[PDB]
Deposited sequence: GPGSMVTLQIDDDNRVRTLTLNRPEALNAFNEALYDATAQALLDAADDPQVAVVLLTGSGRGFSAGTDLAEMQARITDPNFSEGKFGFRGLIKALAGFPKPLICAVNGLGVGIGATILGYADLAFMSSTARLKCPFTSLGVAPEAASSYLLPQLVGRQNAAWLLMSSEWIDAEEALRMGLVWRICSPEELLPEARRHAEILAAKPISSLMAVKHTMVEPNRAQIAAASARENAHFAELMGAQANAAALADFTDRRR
């Protein structure tokens, strides 16, 4: 399975589970993640979603090796959702979304933070938006609004790694945690939110995300 899903005290944890590929999103992982979010959106026993990665990476982003195979096959193939479908699930997700960035986040592995209501980042993790060394409309409205024009310029134009202290200093993530405290801290905050009525969490989220 490319995506592990587990419930605990009304927090649904999605753990990206292609650790050998640094949790790069192939089509199957894009599809699984997007579907997991729609399901979470609809499930009355889920208050909060927590997203994290298995192993040393958070997500290396789009799986470019699979993408090469797909464009060179006799017949092109796609997932039901793909990148485009994940962005729409993320953009419309009506419940609190918490990211626990456990290691490298590249491309969508970094820009996904624009849809997070809270982001915790391991002190050993780093982020990169590699667009200029190689983005979506949503990311480039959301990120500048979060970190300001200057921080966003460096993040999105440089293709340089951004470390945990820089990400926090930017306001790109909310808290830095030691590697071993990341999930305990993220989960503790998720459980505070998840104890609240789901209806009122959704109403607050909607009032702050509408513009």
Check your understanding: Given the full deposited sequence, which segments carry no C-alpha coordinates?
Key -> 1 to 5, 140 to 142, 220 to 256
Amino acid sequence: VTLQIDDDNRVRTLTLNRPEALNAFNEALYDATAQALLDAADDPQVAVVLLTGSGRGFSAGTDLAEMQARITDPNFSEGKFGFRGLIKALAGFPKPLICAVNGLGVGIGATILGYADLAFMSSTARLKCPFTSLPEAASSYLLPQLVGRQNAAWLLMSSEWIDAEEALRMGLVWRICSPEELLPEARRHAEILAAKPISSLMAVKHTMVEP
From here on, numbers count along this sequence of modelled residues.
Review point. Of the two stretches 73 to 81 and 96 to 104, which shows the higher Cα B-factor on average in the entry?
Key: 73 to 81
Exercise for review: May I ask you to compare 187 to 195 and 5 to 13 by their mean CA B factor in the entry and name the higher one?
Suggested key: 5 to 13
Check your understanding: Based on the PDB record, which member of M121, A138, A116, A110 exhibits the highest Cα temperature factor?
Key -> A138
**Study point:** Identity of residue with top Cα B-factor, from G61, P144, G53, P44
**Key:** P44
Check your understanding: If you rank the chain by CA B-factor, which third does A125 end up in: lowest, middle or highest?
Key -> lowest
Revision key, fill the gap. Split the chain's modelled residues into thirds by Cα B-factor; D39 lands in the highest
Check your understanding: Should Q68 be placed in the lowest, middle or highest third of its chain by the C-alpha B factor in the entry?
Key -> highest
Review point. Which third, lowest, middle or highest, does the CA B-factor of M202 fall in along this chain?
Key: highest
